[PDB]
Structure formats: C-alpha cells, structure tokens
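Residue numbers (the numbering used here), protein chains in the order written: chain A, 1 to 53; chain Z, 1001 to 1425; chain H, 2001 to 2437; chain B, 3001 to 3334. Heads up, the beta-carbon is just placed ideally off N, CA and C, and yes, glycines get one too. Heads up, the thing below is written out as structure tokens.
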Amino acid sequence: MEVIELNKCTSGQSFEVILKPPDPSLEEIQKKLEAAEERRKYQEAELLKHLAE
Amino acid sequence: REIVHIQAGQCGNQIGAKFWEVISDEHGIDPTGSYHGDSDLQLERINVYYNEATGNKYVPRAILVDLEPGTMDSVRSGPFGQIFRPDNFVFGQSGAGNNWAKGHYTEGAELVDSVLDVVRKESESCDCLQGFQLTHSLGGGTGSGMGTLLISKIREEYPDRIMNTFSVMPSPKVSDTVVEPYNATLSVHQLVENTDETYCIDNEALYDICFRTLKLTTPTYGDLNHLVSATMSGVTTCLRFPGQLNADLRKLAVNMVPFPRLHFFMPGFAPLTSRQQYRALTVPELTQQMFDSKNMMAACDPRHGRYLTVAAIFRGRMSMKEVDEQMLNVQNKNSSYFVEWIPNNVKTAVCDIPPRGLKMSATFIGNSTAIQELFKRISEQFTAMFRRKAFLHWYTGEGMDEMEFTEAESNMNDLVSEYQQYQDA
Amino acid sequence: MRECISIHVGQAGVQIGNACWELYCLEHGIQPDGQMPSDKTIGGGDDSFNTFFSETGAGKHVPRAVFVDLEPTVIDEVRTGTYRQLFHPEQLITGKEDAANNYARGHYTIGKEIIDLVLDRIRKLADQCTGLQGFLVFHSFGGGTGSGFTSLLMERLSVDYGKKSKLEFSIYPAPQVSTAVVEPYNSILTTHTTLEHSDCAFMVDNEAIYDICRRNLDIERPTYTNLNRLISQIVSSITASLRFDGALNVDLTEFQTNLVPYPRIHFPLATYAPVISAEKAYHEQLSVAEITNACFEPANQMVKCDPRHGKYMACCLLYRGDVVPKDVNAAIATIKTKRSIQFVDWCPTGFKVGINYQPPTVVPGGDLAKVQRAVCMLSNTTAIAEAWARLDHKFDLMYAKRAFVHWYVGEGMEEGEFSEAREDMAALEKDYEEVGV
Amino acid sequence: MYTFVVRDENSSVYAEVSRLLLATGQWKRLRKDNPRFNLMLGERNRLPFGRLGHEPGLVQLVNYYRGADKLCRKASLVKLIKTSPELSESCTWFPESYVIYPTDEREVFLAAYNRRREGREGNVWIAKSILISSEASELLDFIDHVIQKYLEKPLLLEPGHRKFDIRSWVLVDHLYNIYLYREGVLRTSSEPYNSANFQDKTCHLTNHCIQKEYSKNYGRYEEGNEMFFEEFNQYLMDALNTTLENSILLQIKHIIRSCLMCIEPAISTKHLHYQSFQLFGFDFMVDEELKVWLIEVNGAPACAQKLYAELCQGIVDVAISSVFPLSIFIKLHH
Ligand SMILES: Nc1nc2c(ncn2[C@@H]2O[C@H](COP(=O)(O)OP(=O)(O)OP(=O)(O)O)[C@@H](O)[C@H]2O)c(=O)[nH]1
Ligand SMILES: Nc1ncnc2c1ncn2[C@@H]1O[C@H](COP(=O)(O)OP(=O)(O)CP(=O)(O)O)[C@@H](O)[C@H]1O
Ligand SMILES: Nc1nc2c(ncn2[C@@H]2O[C@H](COP(=O)(O)OP(=O)(O)O)[C@@H](O)[C@H]2O)c(=O)[nH]1
Ligand SMILES: [Ca+2]
Ligand SMILES: [Ca+2]
Ligand SMILES: [Ca+2]
Ligand SMILES: [Mg+2]
Ligand SMILES: [Mg+2]
Ligand SMILES: [Mg+2]
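Below is the structure:
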C-alpha cells in the first residue's frame, strides 16, 4: 500500500496506490471511395442496359 | 421523405381509394382536404403521403391509372373523390380485357407515357422522394400488365428509389376469368426483378377470413377491401407516424429483405372480430391472433416454413412493457419457426394512435418461406392450362409468343426453389 | 490549456451529445443562453473549462462541438432545443436522406459527398484553437451513419490531424432498443476501419444501460432519454478531468498512457456507482467503501461481462463528491482481500485515483437522485472481449448465408471487405486471449 | 414451457437429466445452436460463458461454474491449496504435492525427498497429471504433471487386504448452496495391497478401468468392485467398532466445504447476468488411522449405475426446478 504522486488543489486531489511491482494517405482514401463509386455506376449502367433490352 | 402512390386497374383503384379514405380519417383530413384533428401526431409526417397546396389543404400524392374510365369514375364520385388532384386521373377508353399483353404491350403502352408525365411532376415537387407504392391486382390486365410496365419504366427513370407494391393475388375461389393464373405468372416475374417490397394479398385468404371468421355469408369485393384497407393502414403506420423502426421504405427493406428476390411478405391484422366488437382485447390476445394463420392475408401456413424476418406494429395506448414480453414469449415459445442464422429477426414497433373503431390493434408483416405455397399454387394453375396451350390466343393475338410464357413459368419455379433452399438451411 | 473538439455522428451521437452538453452547462454554471456568471474574464479564457467552450466578445460560452447526421430530424431538435442559443448554424450539419442502417451507404455512397463539408466545419473550430489536442467522437455501432460515416471521418482526421489524439464514445448494439437486424455487420465493419485511427474508445452497451435504468431507477420501459441522461453522467465523469483543475487525465494523451499499454487493446471498461432513483424521497448515502465495492459488481458495468475471468492492464478510479484519499485506500485494501483482481504480469497491480470535490450534477427533474459521492472506474480488462465474441458470433451466423450482403455490395462495397473486417476481429479476440489467460 | 439445449452428448449424467426434463411435459429441447434457451447443458471444453445472459426475457442457467477448473485439474489444485490462505500450505487433509514442469518446484520436491531420506521415512511418491516409485530420480525421468506423497499405509478392507477410494457427488446450485449426495460409492481393489512391487498397479490404483482390465478377483467381494455406503458402514461397525459418519464422513463434509468456499468469490454467479450450477466428483482416500485425504476433484463425473436415477432426479429438483418451477442431499451450511 504505497501512495505516490499526491497532487492537491482546491478542486480535489489525485494520487496512485501500488500493490505489487510487475495510415492511408488522402490519395489512398480517395482511390477507395472512387472505386466504390465506379462499381455503383457500373451496376447502374448494366441495369439500364438490361432495361433497354 | 415523400412517397408517390400509384393505383392501377379496377382492383388497384378500388383498394387504393379505400386506403386513402382510411388514412385520411386517421390524419384528420376531410374529403375537402382540410385538417380537423385534435393531435399533432397526425401532421408530423403528413408530407409523406400528402402535398400541402395553397389554403392549407392537403392533396394526396396519388396517381390514378386505368385503361377504362368506369372504376375511376366511381372513385371521383366516391366519398373522398374530390380530395384527389384532378390532373392525376390518367385513363384510357379501350380497356384491357383481363389481358396482361394488352396492359403490358399494346393498350397499356399507348397510355404509359402520360402516366409517367404525372409521376414526373409529382416527383419534381418532392424535397427528397424516397420511393413509390403501387396498388394493383395480378389477375387482370391493367393493374397486372400495365402496372408491371409502369414499374419497369419508373425504375428506369428512378433507379435509386424504392419500389413497393400491394399486389392482390388471384384465386379460383374469387375469380373473374380463367386466364388469371396467366396474368399472375407473367407479373410475378416482373415483381421479382423490379420491386423491393411486395405485400402478397391473396383473395382466397380474404374470402376465407370474411366467411369463416367475420361470419359474412356472402362476401362482396367491398368486404374484401375492408380487410385490405385495414391491413394497408397498419403496414404503413411506421411510415406515417413518428417512430424509430422501419420509419422509411429503405430501412424497412434493409430489415426485411436478406436476399434481393425474396421480398414477398405475408401481411396480418388483429383484431378480426365478427359483428363482439365492443369487447376489449388484451396484449396477449393481440399477439396470439397476430401470429395466427387465420389472421394472415396470403393463404399460406407459416408452420409450413420458417420466418426470415418479421415486422410487428402495435397501435393504441397499451403497456409497452407487456408488448415486449409477449413478443419475446411468442419467439421463445416457437423458436423453431424462425431461422437461426438471422439473430433477432423480429422487430416490434408501437404507435399511440389507434385505427378507427378500435382501442388496440396489431399488424403483422412477415417474410416467411411458406409464401412459396402461394407461388406454387399459381404455378399449378398456370401449368394445367399452358400444357394444352388453352386460352393462349388472347395473348398471341397481341404479339406475344409461347416462349415468353415458358420463361415466366421457369422463373416462378426458380423462385419457389429459392424459397425451398432457405427453408432447410 | 489545450482545447478538445467533440464530434457527434448519427442519431445516437447527436442525442447523447445534447445530453452531455446540457450536463456540462449545469456543471460549469453556464446558462442556456451561453452566459457564465462565475467567469470573470469576459470574451476570453485560458482555464480548464475553455478546453470544451470558446468565448465570444458578448460573453457567450460556445461548445467546441460539431453535430453531423445524414437526416435532419434529430439535429433540428438541437436547433430548437433548450440550449439552441449555445450553437451557431455552422456547427450543425444535416443531409436529406440517411444511410438506412447500411455501413456501405454511410461510408461510401453518402460519406463521399459530405466528408469535405464536415472537415471544413471542423477546420473552422480547429482554427479557433491555440493548441488543439484532439477529438472526442460520439456515435453508435449499429447505425449506417454512426458506423459508416464515422470510420470515414476517423480516416480523414488521422490525415488532416496526424498528431492529435482521438477518443471514441461508442454505443454497442442491444436488441431491446436496436432498430436494425444488420447492426452486427455495421459494428464489425466500423471497428475494422476505425481501429488504427482511435487511441482510446469507451464502449457502452445499451443492454447494460437498459437494465440499470430498470433495476436502479425503477423504469419499466426505458426510453432513449432515460438512457442518455445516464450515459451523459458516465461521459461527464470521464471528461471531468479535462474540464476541471486536477492532475490525473489532464490531457487526452494521458488517457492512452494510463489506460492503453497495448495499442489495439484500447477499449476500457467503465463502471459507475451509485445510481439511485430520484423517485425515492430518501436513500441511505453510500460510503466510499460501498461505492468502490460496487465498481467490481458486473451489474454496474457499461458492458455486462465478468472481469474475474480476465486480467487487468490498468485501473483508474474517478471520484466526485465528499471523498478523501484515506477512505479510498481503506476501501481498496478491503476489496483486494475479498475479490478476484488479477493483473497481467508486465503491469503493476495498482490504481490511479482522481478526486473532484464537487458532487455529481443531476439534471433537475431527471431520474437520478443527487448523491453525496460517486465514482466511475475505468479498467482495461480483457473480459470486455466477451462483447466482441457475442458480436462476432452473430456476424458469423448471417454472413455464412450472405444474408443482407447485397445491400452493402449494392452501394459499391466489395464483399471481401466483410471478410477482411471479420478476420481483423478474429485477431483482436486472439490478442485478448493471450493477454488474459 | 421452458427450453433447454444439449451440447455434451457423451455425458451420461445429463443425458438422463434431459430425458427427465422431457418427461415432465414442461421442457422442450431445442437445437444445440438455438440461443433462445432457458437451460444449457454445455460442452466440457470452451463453454461460451460470454454468450450467456444476453437474451431479453430469458432467465438462463448453465450446468458448469466458469472458473471451477482451478479445482478440477491436478496442477491448478495444488497451486490453489498452496497459494490460498484459506487452505494454506500447512493443510492437513491434502497430501504433500509439488507442481513439476517437464513455476516449477523440482528443487522443492527434491528438498523434501532428501529430507525424508535423511530421516529414513517412507519415501514413496506418485506422479500423475502414473508411476509409483521409491526414488525421486525414476519419477522426474518419467515426466520428461505433479508428484505427491503415496499413502503407504491405507485402510485395507477385509477380507482381501485390499485398497479403496471413496467417491462423493456434490451439487452446488445458483445460490451456492452445497449439497452432498447421501449415497456415495467405494471403488475397491480386488487385489491384496502389496508394499513390495509398486509397479503392479492393480492393487494400488482403485480405478474402475484398471480393476476391470487386470484384476483377477474383479467382481468377487462386491459387484463391479463398488461397495456402497450401507455395506461399508456395516463393515466399520463390525471391524473397527465405529460408524461411517463419525470416522470418515465428518472429514469428507469438512473438505468439501473448505474447497468450495475457498473459490466462492471467484466463481459465484450471485449478481451475474446468468446463473450457474455444477455437479462435482470428490475422490477421497482413507489411511489406517481413519484419517481422510483428498485425491482429486472431477468436474464432469459419471455416476454409479444404481444411483444414476436418484441423483439425476435430485439434480432436476434442486438445481433446475429451483430456478424454473413446474431429501437425498445433505446441505453443508456455510
Ligand atoms: N443509447 C442510445 N442509443 C441510441 C440512441 N439512438 C440510437 N441508438 C442506437 O443506435 C443504433 C442505431 O443507430 P443510429 O444512431 O440511430 O443510426 P444513424 O447513426 O443515425 O445512421 P442511419 O440512421 O442509418 O443513417 C441502435 O442500436 C439504437 O439502439 C440514443 O439516443 N441513445
Ligand atoms: N497420493 C496417493 N496415495 C495413495 N493412492 C493414490 C494417491 N494418488 C492416487 N492414488 C490411487 O490412484 C488412483 C487414481 O488417481 P488419480 O487421482 O489420477 O485419479 P484419476 O484422475 O486417474 C481417475 P478419477 O476421474 O476416477 O479420479 C486413485 O483412485 C488412488 O487409488
Ligand atoms: N380484393 C379485391 N380484388 C379484386 C377487386 N376487383 C378485382 N379484383 C381481383 O382482381 C383480378 C381482376 O383484375 P382487375 O383489377 O379487376 O382487372 P384490371 O382492371 O385489368 O386490373 C381478379 O383476381 C379479381 O378477383 C377488388 O375490389 N378487391
Ligand atoms: Ca389502341
Ligand atoms: Ca473567460
Ligand atoms: Ca493516429
Ligand atoms: Mg375487373
Ligand atoms: Mg439516423
Ligand atoms: Mg480424473
């Protein structure tokens, strides 16, 4: 039961008790966002082609 | 999030008219378009189905379509006939003769562009259109043949919008002509491809409910449309009133449709009481009847298949706590009838505003694999005639070939087998 | 003084945000118009509450917050709410149609079209900061916006604010209030994409909050309002050290230092006590030992799980009210000799304690009774992996049949992203295994 | 209508339990992967405790205590008795044991073995996780586990001069009440105990498998080498002039309480979101001084053929019906 690092202020206090010792770049993100948009556009064009038949 | 409503053919316009009569009463709208309600819950989502024109009047966002003026004349002279926008009456004169080819390929093709002009005008005024709902039968010619032609062209012009239908399925017990299985089979394939949600309303089930349960000795079409009107009000409650679950057409589809083609729902309603009507129901009674086959509108036995998804909507002032435990009671008591590979597939919603004439009601929306019994029934009736090419000349006379019938037959058999795949998995 | 910006995404994020900022104003004595009588420096400040509030020349204290939702119905409630004067229009961002409980719709389809607007509005608040230290992001796991758009924002925040810390307050899905069957899909998808971009994340299971509201508050059918006022108490006790004078968890960096030794294991468990129904006219005021003991009762945890069958990597005790260190030490000593508190070997068995003398503030007319002392325990225990197991199991059931997958592929997402996300969660569960067993 | 699932098909005890539940008309068995159950008869290994207690409107009960493995494994039991102050390393009813890894206590086991050789005391030890030897070298070489003192002077049942161990069944319910089954059994050896030749482990190991495979007199003095309590109580009265209750059962009830109370704070489901119960199998040995020793605890025991019906019905009444309503037990108060 060792109490360490006791800091006291008017608002309260804090301390520690011890009981025992022991990213994608902007380009890579834009690439993935536009790839998904192209797959959406491709699926929509195939539907319009199917409806044109 | 506006919905554009379309009603096509005799059945679609007669059922569509009753639907607008019922929900206009619930939202406090009179036949002149004026509001006379006592709660703001009636107006909070009124714009989903109504346009507000000048003078603080509400005009339904509804388009009335037919190849014959007869039924739509009756609508214009009906109770709420004056509430409909006069320009939204689009009709021809020749009729469709209960012929899918006439609705889809010849007579209907001549009229469809004028309907799409009205659809376009109603859509241009929507702040953010979310989709369309169509009411029609599958056994006739205009609603079935021209309705599915309409759905195809609407999808082409609005590919990113939700398409929802209330589709009345024919039955030899309530039949007008012998070609209804032909018309139903041709249009079911259209619905498989071009709608996101379809409420399967079987006229046999409506007849049996009117006769066996409601004790109506001689059911009329008006009696059948009473049930449909009450069912349509229930299944659209979550769209018309404030709520958290299935509040729009796309979230409903996401919750109800685990596979794109399997979007054919069994609707149900409770209470269904013969005329007693004054007896108050309890939440356990509402929940038991709502899941009972005798309250289903598709004439399929749910115990012959499994539930993929279920939407439940309780209306009225009731114990929300007791609602939750009764819903859990149903699932935990008969858990073999729900697929285990979709956890928590039963979603419940509660609305405080009850339907007219009732203090409490429950509406059932189920995506059950037992709906394959409906498509199998139509398929047997189709094959019994098509095997002898009987009555085909009505269709080949309009330019169709036998091959298109063979393909429609194979498509609906494929759909039946697709339901069989997920009933055992 | 270093500022913090709060971001609220989706319905859950926005509604919880409105409950927290209401509570912050009550705690700091900020009137609904934005005035703060106890603030003698008008038009500017350099003290602790200025980390969450900017100041106008007219003395208005403005939250450093941005609200974003793809549907305007929830944010419009903020525009007309009690604290409408606090926010200016640039802080509130709405779309026309939502993500429809679809991660791919929120991340790819709608996220791509609105991500630049959100970042621009965040840049405006960031440009008002003298030394911005990072972001607190409130969102749900199950919603299409809360899951899909949040992961896109966290990516762009790591890009545009590489040195800043990012903390999450995340709502784990519970079928008792859940609005979608695909919420397990969205939860795992957004955890896979956000994991590398979040330094510390506090998960809140709606199931746990639901039952605490039923048992401790005697609410038969808890609403989002009941849940959010309770969640706001927890979040307030977690952020209190950033908004008040003190020495524990004084900046966002110390949250990772004190609670997250291993970067991927950054989901501390929160436990709060006491929760007393305001409908009770009188209640026996619990002692320091009694509220500290309740921190090890699973019925008080934000995620129902069993810390006895895991291992602790860190443990913080955050007290509010009439508490002195002597009673805390005596409470901890007696608890060690009655409970299973096993730490990993490469960490010291101990507790970091923070005490704020001001008792917790309750919303007047709320469900929570004012108490003389309260505590929130933040413990990084491997037992929280039980929540990942439940979630991954539900994912496996639906995905084995590809149920609902077409909704995601239809928005441009590849089906392989499902498998990448599930494999990442599988590695995550293994990490908790080799640390806690 | 309560619901339950079965996830351990090779369990003879709970196969009868589930059969009894179905025979009440108020229980329905679901598919093993259906989560909407009231009762789980779970698998032995890797029971998913973390998925229990998360089903709205379902009180969920499981037939295993998470964490009870600390008591039902040889190595963990020795660690538990040494480390826990409630049991302590000076525990008198448990044989001197040491955990040997092939932390490791190989230097302490030799320190005690050398201490025994210094005093010319009985230096026979047994290893298991089996080799009985009088030299520490032969034991450590065989491992490359736990080595404990072999009871060189056990109580020998006459006629036969033979060895025996006592199996006690214990049921702990969701309230952590400890119920001791009134009907125990004695797995007797049918071969005379022989202090010479400890490798002939037919008279030295009372396992029903070994006695049914190598013992010549298997089924002579008692069927299946299983003597019930009534006959054994009569023997102690005729031979030793005492009763089973005084000479043995008091020590048995004492050991069961000490073991289960020691782990109660670690495994109790008192305020947990799901409830647990579990059937245990305690194995005891008796020496010639009528002192009882604890051998091991089994987490998934199998009953005796005669008692397979009484105990399983007792499990339904005490552990299952107490949670889901529709004495053969000795309640050990604590
Ligand atoms: N605790 C709490 N949970 C909420 C709240 N609102 C929604 N949720 C939960 O969040 C999940 C749904 O996510 P939402 O935030 O509503 O959805 P969204 O982020 O707006 O995304 P979309 O509506 O699909 O565009 C469900 O599990 C709800 O139970 C809230 O106010 N408080
Ligand atoms: N320390 C000891 N002294 C004397 N005999 C012992 C002993 N340890 C074990 N034995 C004998 O060896 C037998 C088996 O011991 P062990 O503890 O390995 O049981 P086990 O796990 O092999 C089968 P079970 O599941 O029935 O307990 C005991 O029945 C006992 O007769
Ligand atoms: N439920 C119901 N079904 C109808 C109604 N009118 C016609 N039907 C059914 O619809 C089919 C006939 O199609 P119909 O709509 O009359 O022809 P259409 O004008 O060409 O679309 C048959 O199956 C009839 O049983 C009605 O008012 N209510
Ligand atoms: Ca013509
Ligand atoms: Ca100031
Ligand atoms: Ca980073
Ligand atoms: Mg007709
Ligand atoms: Mg939303
Ligand atoms: Mg054993």
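Proximal residues, the region 1290–1315 of chain Z versus chain A, C-beta separation under 8 Å: none
If you draw a straight line from the alpha carbon of Z:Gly1222 to that of Z:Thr1273, how long is it in whole angstroms? 17 Å
Quick one: is B:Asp3033 near chain Z, going by C-beta distance under 8 Å? yes
Contact set between H:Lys2304 and chain B, taken where Cβ atoms lie within less than 8 Å: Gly3053, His3054, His3273
Any Cβ of chain A within less than 8 Å of the Cβ of Z:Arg1387? no
Completely contained alpha helix (DSSP H) runs for the region 2237–2297 of chain H, where each covers 4 or more residues: Taking 4 residues as the minimum length, the alpha helix (DSSP H) runs contained wholly in the region 2237–2297 of chain H are 2252–2259, 2288–2294, in order along the chain.
Starting from H:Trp2388, follow the alpha helix (DSSP H) in both directions and report where the run begins and ends. 2385–2400
Would you say the beta carbon of B:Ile3126 comes nearer than 7 Å to a heavy atom of ligand 2? yes
Can you find at least 3 beta carbon pairs, one from the region 1366–1383 of chain Z and one from the region 1086–1093 of chain Z, that sit closer than 8 Å? no
Whether H:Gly2013 touches H:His2139 by CB criterion (8 Å): yes
Any heavy atom of ligand 2 closer than 7 Å to the CB of B:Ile3130? yes
If you measure beta-carbon to beta-carbon, which residues of the region 2399–2422 of chain H are closer than 7 Å to chain Z? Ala2400, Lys2401, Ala2403, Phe2404, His2406, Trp2407
If you measure from the CB of H:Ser2158, is any heavy atom of ligand 6 nearer than 7 Å? yes
Since I believe H:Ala2369 is in contact with H:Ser2237 (beta carbons under 8 Å), could you give me their beta-carbon distance rounded to a whole number of angstroms? Cβ atoms of H:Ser2237 and H:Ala2369 stay farther apart than 8 Å, at about 16 Å.
Please classify H:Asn2300: is it buried, with 16 or more other beta-carbons within 10 angstroms of its beta-carbon, or exposed? buried
How many whole angstroms separate the CB atoms of Z:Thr1363 and Z:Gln1326, which I take to be in contact at a CB cut-off of 8 Å? The pair is not a contact, with the Cβ atoms about 15 Å apart (cut-off 8 Å).
Any C-beta of chain H under 8 Å from that of residue 3335 of chain B: Here chain B has residues from 3001 to 3334 only, and residue 3335 of chain B is not among them.
In terms of residues, what are the limits of the alpha helix (DSSP H) holding residue 1435 of chain Z? The requested residue 1435 of chain Z does not occur in the structure, where chain Z is confined to residues 1001 to 1425.
For ligand 8, is there a heavy atom less than 7 Å away from the beta-carbon of H:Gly2246? no
Let me confirm a value: Z:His1036 is counted as buried when at least 16 other C-beta atoms fall within 10 Å, else exposed. Which label applies? exposed
So, helix, strand or coil for H:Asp2205, using DSSP? H:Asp2205: strand per DSSP, three-state reduction.
Within-8 Å CB hit, Z:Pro1260 to chain A: no
Take the Cβ of A:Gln13 as the centre, count every other Cβ of all protein chains shown within 10 Å, and call the residue buried at 16 or more, exposed below. buried
Coil, strand or helix - H:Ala2065 by DSSP: strand
Taking a cut-off of 7 Å, which residues have a beta-carbon closer than that to any heavy atom of ligand 9, in chain order? Proximity to ligand 9 was defined by a C-beta distance below 7 Å to any of its heavy atoms, and the residues meeting it, in sequence along the chain, are B:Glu3296, B:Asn3298.
By Cβ distance, which residues of its chain are closer than 7 Å to H:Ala2387, with the 5 residues on each side in sequence left out? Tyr2172, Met2203, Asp2205, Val2303, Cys2305
Just to confirm, are H:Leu2317 and H:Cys2004 a CB contact at a threshold of 8 Å? For H:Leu2317 and H:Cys2004, no; Cβs fall outside 8 Å.
Buried or exposed by the 16-neighbour rule on C-beta atoms within 10 Å, applied to Z:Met1403: exposed
Mind listing, in chain order, the continuous beta strand (DSSP E) runs of no fewer than 3 residues lying wholly within the region 1361–1386 of chain Z? 1361–1368
Rounded to the nearest angstrom, how far is the Cβ of Z:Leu1249 from that of Z:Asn1164, given a contact under 8 Å? 6 Å
Output yes if chain A places a C-beta closer than 8 Å to the C-beta of Z:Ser1187; else output no. no
Please look up how many angstroms separate the CB atoms of B:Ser3018 and B:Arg3036, rounded, as I've assumed it's under 8 Å. Between B:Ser3018 and B:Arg3036 a beta carbon distance of about 17 Å is seen, past the 8 Å cut, so the two are scored as non-contacting.
Please list, in chain order, all residues with a C-beta atom less than 6 Å from at least one heavy atom of ligand 5. H:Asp2039, H:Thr2041, H:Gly2044, H:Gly2045, H:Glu2055
Report the residue from Z:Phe1211, Z:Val1112, Z:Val1075 whose alpha carbon sits nearest the alpha carbon of Z:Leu1227. Z:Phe1211
Which chain A residues sit within Cβ distance under 9 Å of Z:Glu1407? Chain A residues near Z:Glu1407: none, gap ~13 Å exceeds 9 Å.
Just reading off the beta strand (DSSP E) that A:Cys9 is part of, what are its end residues? 2–9
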